[PDB]
Amino acid sequence: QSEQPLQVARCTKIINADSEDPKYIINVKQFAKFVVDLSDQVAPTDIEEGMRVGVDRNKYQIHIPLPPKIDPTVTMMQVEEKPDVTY
Amino acid sequence: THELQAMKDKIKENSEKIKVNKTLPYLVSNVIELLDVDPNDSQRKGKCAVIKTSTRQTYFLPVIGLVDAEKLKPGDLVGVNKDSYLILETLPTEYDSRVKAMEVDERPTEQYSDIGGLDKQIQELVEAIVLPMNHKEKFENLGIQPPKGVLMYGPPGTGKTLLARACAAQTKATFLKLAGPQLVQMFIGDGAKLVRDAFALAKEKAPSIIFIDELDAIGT
Amino acid sequence: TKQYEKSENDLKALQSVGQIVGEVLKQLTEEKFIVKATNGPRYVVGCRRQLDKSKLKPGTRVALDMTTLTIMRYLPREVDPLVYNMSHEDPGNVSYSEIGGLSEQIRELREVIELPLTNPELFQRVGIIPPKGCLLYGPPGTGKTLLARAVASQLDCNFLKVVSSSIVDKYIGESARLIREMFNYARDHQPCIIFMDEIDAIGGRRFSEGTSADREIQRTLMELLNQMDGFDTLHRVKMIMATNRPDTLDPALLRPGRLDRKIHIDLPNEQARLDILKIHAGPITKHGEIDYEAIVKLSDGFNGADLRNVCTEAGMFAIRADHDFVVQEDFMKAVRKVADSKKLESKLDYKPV
Amino acid sequence: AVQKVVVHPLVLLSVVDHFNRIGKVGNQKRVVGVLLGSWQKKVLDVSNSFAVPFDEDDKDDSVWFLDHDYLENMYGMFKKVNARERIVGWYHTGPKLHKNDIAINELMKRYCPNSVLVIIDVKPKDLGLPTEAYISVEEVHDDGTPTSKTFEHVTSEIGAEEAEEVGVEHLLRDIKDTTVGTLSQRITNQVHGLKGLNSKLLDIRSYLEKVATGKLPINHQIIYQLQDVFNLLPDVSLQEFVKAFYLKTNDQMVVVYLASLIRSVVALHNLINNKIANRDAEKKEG
Ligand SMILES: Nc1ncnc2c1ncn2[C@@H]1O[C@H](COP(=O)(O)OP(=O)(O)OP(=O)(O)O)[C@@H](O)[C@H]1O
Ligand SMILES: Nc1ncnc2c1ncn2[C@@H]1O[C@H](COP(=O)(O)OP(=O)(O)OP(=O)(O)O)[C@@H](O)[C@H]1O
């Protein structure tokens with residue numbers, strides 16, 4: 001029941017520039033760039049250049065922003081957690 | 001003579017039929033302008049421009065419809081709706097993400113007054129940046145060409161980067177932060193295409209300013 | 001008045017979906033044709049009744065229908081980037097011969113490049129072939145680019161400019177066909193001229209075998225040589241390459257053929273310093289009674305823009321003196337100081353032969 | 001202009017189904033509607049159309065009315081769904097044309113430069129490929145009449161389209177297709193003499209009737225002109241084939257030779273292989 005919404009979020013897409021407020025150019029990993037407006041559920045001021053946002057594959061409109069742009073692998077050896085070796 | 005207002009209603013009513021076709025300019029299509037006539041085999045004449053799609057497919061559609069051929073030389077970024085392949089409007093500006101704007105800097109918290117004892121060699125600095133702006137009117141009279149590049153070098157700390165940006169605070173110059181090694185990525189042809197975008201904005205925009213660092217290493 | 005409704009009827013034609021382009025290969029029969037879309041799939045499909053005999057072709061780009069995949073009308077090509085290479089311009093004629101040196105090098109590409117168009121009969125009657133390539137390196141002085149650059153647009157309005165940034169392309173770079181595309185549209189201009197600048201980057205040497213990035217460099221070189229090895233316009237087109245040092249060419253490009261002529265730059269002489277001076281005067285003017293020999297003599301072995309900087313640097317000292325002109329005593333000050341500062345940065349002028 | 005027309009079974013049915021519309025309510029005249037043509041070239045094609053209420057009085061033989069509120073807005077309907085489809089003319093089921101038909105075309109010439117009328121037939125009878133087509137021109141006349149507007153016959157031919165044979169050609173299901181090469185060509189031959197020589201007798205009796213009555217048509221001259229083109233060979237007594245006699249059998253030369261050569265080896269393929277496979281199963285079983 002909740003799988004029907006957000007099912008169209010494929011795929012993660014980066015925007016490029018803005019000529020006007022309603023319409024922005026966006027590029028997706030499919031290699032296809034998409035100009036589109038954003039849904040009334042998200043304010044236009046929250047869209048900044050280089051922001052990966054959701055999409056509706058039917059309407060191509062912006063759905064929800066996704067904070068992480070990055071990064072493939074390289075994190076697991078970078079991230080360190082839990083303590084040891086006190087003073 | 002009053003029939004102009006009568007037809008003005010049906011063109012706005014049919015422009016509303018364009019509105020539902022203008023929502024939304026669903027995808028980007030690279031534009032290539034072309035003019036050709038095909039004899040048949042009665043006669044069919046018209047202007048038709050071959051269009052691209054960023055999906056790597058290429059299509060064929062008549063000249064838009066709406067915005068005419070007056071703009072522009074073959075472009076990109078224009079919006080087009082799903083599989084109908086009609087472009088409603090030609091949309092700027094260029095691309096892409098951080099390539100368009102490397103860094104957005106308003107103004108530094110410090111000013112050129114923060115350097116002691118360097119007043120002799122700051123004048124050479126301050127001149128080359130300031131003189132093309134306010135003194136440009138005097139250059140066309142005397143035939144003076146303003147300097148472009150300036151090499152600022154010294155053993156660190158020399159306070160070079162603080163002094164550079166601080167001179168852009170009082171001159172209202174918009175600052176753009178850039179580094180030499182930032183132009184190297186896994187994918188070949190990135191930082192190289194950036195100058196094509198960067199200097200295109202140098203033609204579009206007025207200085208302002210652009211500052212880079214570590215030119216000696218990258219120039220090896 | 002009614003022209004608006006005409007555009008409204010044009011929107012009814014905009015309702016038609018665009019067809020898909022493709023490249024034909026060959027034909028099995030008249031009823032079976034083999035076409036291949038730019039995406040790479042091949043389709044054996046039927047054809048409609050409105051086409052003509054010119055559709056068949058030996059593998060010419062065509063458009064395929066969205067359902068039967070039949071060919072409607074063939075579009076020759078499409079190119080986005082071409083216009084940015086159309087706009088390159090350089091003066092001279094005179095401004096090329098005004099560079100002051102080297103004198104015989106101005107007499108080189110004059111008859112080598114510009115002459116084939118105006119008088120092609122001179123070469124074919126005697127039987128001597130014009131050179132198909134040239135190489136200009138540096139910087140013992142300046143003029144590596146300008147020497148070939150001014151004669152580039154002096155042949156005609158024809159030119160095609162190539163920047164080294166377009167060869168690297170991207171991951172799994174498809175510019176292999178763009179090097180073919182860029183040279184394809186270079187042949188749209190006749191007679192064609194080809195530039196290559198800063199090849200010390202994209203000219204990657206195979207001496208010490210590195211990452212496969214050095215291999216795809218050679219593949220881009222293959223796209224250069226292939227079309228220029230034709231089977232197509234060859235003696236008519238003039239290719240030019242430039243490098244910082246010619247150790248990057250490898251034994252292939254070091255050889256003539258591909259890179260034919262090698263030319264360096266020398267320094268001017270005395271009483272010729274007054275010649276190159278007159279063309280550097282230009283916009284900047286000074287006091288009525290003067291002798292420019294003090295100016296240029298203090299700066300020796302300098303770029304034409306460096307001497308042009310010395311003239312502006314001496315002219316930017318005028319605004320500090322709140323005068324239009326300056327006496328030559330303060331000139332030589334600003335001339336000598338800045339010039340001696342450039343000589344300490346003149347290291348690494350030694351270049352391999 | 002308009003040379004030949006292509007009438008689909010779909011648009012022709014649009015005249016036939018309207019014969020059920022006003023046929024149950026009656027009363028006089030026929031089915032009449034406005035024709036939507038598809039013109040890609042000099043050859044004319046018709047895809048769809050729309051039938052309009054129409055009546056023609058007898059008395060009052062010159063009275064006719066189309067409904068043009070039906071013609072205007074419904075055009076914007078079919079135009080919105082199909083941009084290529086436009087009105088090329090009108091139609092009706094005839095069977096023949098009264099003199100009043102001159103005024104139907106001239107009124108709608110504001111819609112199309114030349115409106116082609118299509119006479120159709122709801123009940124197939126005779127003599128062949130059905131219906132009919134006319135074009136509106138002015139030939140005046142040789143006798144000096146005031147400018148005469150008379151519809152000239154346009155050759156009509158049926159044609160097909162993709163996706164339209166789904167339901168159409170399904171419902172018959174009783175036809176044998178074809179078979180090309182054996183029965184297909186020979187049944188035509190028996191009919192080529194029938195349909196060829198019946199119009200021969202029908203016209204030669206009306207051409208004899210000319211001298212008797214019905215003159216004009218004089219014609220003139222088209223009648224005897226192409227009849228004399230038929231006269232390259234008459235063929236009359238006897239066949240005048242003295243030059244074509246040895247050539248007669250000489251065309252049958254190789255046709256009989258191959259038929260003699262093929263049946264010899266086809267037998268060698270049929271006779272041998274049958275005997276082989278037969279005795280292999282027959283005698284080895286028992
Ligand atoms: N000659 C100087 N005049 C003024 N400030 C100085 C000087 N030398 C050092 N400083 C101070 O030292 C600090 C360190 O700056 P530093 O000179 O290391 O930057 P930088 O080396 O120029 O940066 P980069 O290496 O990116 O060019 C600065 O905050 C600056 O205020
Ligand atoms: N002889 C000259 N006369 C006028 N201007 C000159 C001359 N030589 C150089 N210049 C100026 O210097 C600039 C650079 O010229 P050029 O391309 O010859 O040098 P370069 O190739 O940039 O230097 P390098 O060879 O070190 O790369 C040009 O914009 C030109 O205006």
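Indices start at 1 and increase along the chain as displayed.
Quick reminder: no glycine exception, Cβ is built from N, Cα and C everywhere.
Look at Swiss-Prot and you will find D:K176 tagged as ubiquitin cross-link. Sequence annotations record features per position, and here Swiss-Prot assigns domain 'MPN' to D:5-140 based on sequence analysis. Per Swiss-Prot, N6-acetyllysine is recorded for D:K200, D:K210.
Distribution of Swiss-Prot features across the structure.
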| residue | record | contacts (Cβ under 8 Å, 6+ apart) |
| --- | --- | --- |
| D:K176 | ubiquitin cross-link | none |
| D:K200 | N6-acetyllysine | none |
| D:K210 | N6-acetyllysine | D:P217, D:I218 |
Tell me, by DSSP, whether D:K200 (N6-acetyllysine) is helix, strand or coil?
helix
For the domain 'MPN' (D:5-140), what are the DSSP-based totals of helix, strand and coil residues?
41 helix, 39 strand, 56 coil
Can you tell me whether DSSP puts the residue listed as 'ubiquitin cross-link' in helix, strand or coil?
coil
Would you mind pulling the DSSP three-state label for D:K210 (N6-acetyllysine)?
helix
